[PDB]
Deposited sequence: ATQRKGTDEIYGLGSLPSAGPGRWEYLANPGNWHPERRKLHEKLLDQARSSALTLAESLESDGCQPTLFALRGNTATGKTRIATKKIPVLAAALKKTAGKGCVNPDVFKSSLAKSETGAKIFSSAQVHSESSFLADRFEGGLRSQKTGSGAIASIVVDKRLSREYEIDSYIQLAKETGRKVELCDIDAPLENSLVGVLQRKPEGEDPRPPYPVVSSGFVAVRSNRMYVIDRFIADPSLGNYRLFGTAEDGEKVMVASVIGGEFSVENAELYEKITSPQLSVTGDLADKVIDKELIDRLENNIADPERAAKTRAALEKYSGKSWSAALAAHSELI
């Protein structure tokens, strides 16, 4: 609209309270929304819930007990590939929904940004607050959701899950609702996340955050990694944990795991590397021919190699920070 106002200011009725839980409880009240928007909210929750329920039924039919599948990891680390390959029961369920039904604060963003008009008119940042609020209501309706056997529904949470309080809250959720926690934790070097974000196209729906989001996400996910692992070392009945890291050639390998209380380190060298953020400054590093060639030198897959250099070439001569910033502002 007139400027980059958020959709919660635009479609919210009356003044916007400054601080959730004051803004939160205001957002949680349908009367605080224009009827068209409130109707949009209902339609998207119904689509999402229908997808999740489909996942839950597939998972239960494949003999999976009530489970919170958690996909931890920074932005664009390769979480979809890992899920598809390393959690085959989930891969079979996700195929029936084309990847829909997961709990993710970005799940509603495209729909909200297009507002049923047929084209994206709001920026990701304009719709973020609104879609966060929808995701929380979505998740709230799922926590005691049941399948047709009366069993609690399995659910899938693919957030960064970088912070302790996030981790603690999902564990508590699982404990209270009788769910196992299947957690896959996926790491890539920061530059892989940056390259990953620049390869994401605006017409594509995957989010395109600016540099500080990706960098701060990286620091937090790395610094809080071993706390997550401790929760599983300490309580084998919580579920299972697996850490996958990125080798030099870009392939994911398992690094550490807690499976049935059994703790092992499949790759001690990577385990040491990917539990700390290695602060040794990337934001100002310029994308030039050398950077591009260097990154290409460790990519053997042709399609990926091509997409990678194509994305980087568009911002040649720009710093990482400037490239992601520019790529982020695209609608």
property: Gaps in the model, given as deposited-sequence positions counted from residue 1; result: 281-283
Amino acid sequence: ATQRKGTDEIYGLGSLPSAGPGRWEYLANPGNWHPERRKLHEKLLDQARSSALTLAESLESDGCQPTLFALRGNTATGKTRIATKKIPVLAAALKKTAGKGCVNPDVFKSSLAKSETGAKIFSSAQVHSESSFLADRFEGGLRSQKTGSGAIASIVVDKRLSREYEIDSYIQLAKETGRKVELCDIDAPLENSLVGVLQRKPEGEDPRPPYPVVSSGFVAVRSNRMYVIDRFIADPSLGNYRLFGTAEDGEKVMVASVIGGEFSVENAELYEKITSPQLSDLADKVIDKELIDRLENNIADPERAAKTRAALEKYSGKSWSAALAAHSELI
From here on, numbers count along this sequence of modelled residues.
| query | finding |
| --- | --- |
| 172-180 versus 185-193 - which carries the larger mean C-alpha B factor in the record | 172-180 |
| Comparing 199-207 with 86-94, the one whose average Cα B-factor in the PDB entry is higher | 199-207 |
| Which of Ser223, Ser216, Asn104, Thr246 ranks first by CA B-factor in the deposited coordinates | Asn104 |
| Residue with maximal Cα B-factor (values as given in the PDB entry) among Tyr26, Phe69, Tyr271, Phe263 | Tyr26 |
| Modelled-residue ranking by C-alpha temperature factor, third containing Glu139 | middle |
| Within-chain third of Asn298 by Cα B-factor, per the entry | middle |
| Third of chain Cα B-factors occupied by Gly148 | highest |
| CA B-factor placement of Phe232, once the chain's modelled residues are sorted into thirds | lowest |
| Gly250 - which third its CA temperature factor falls in, relative to the rest of the chain | middle |
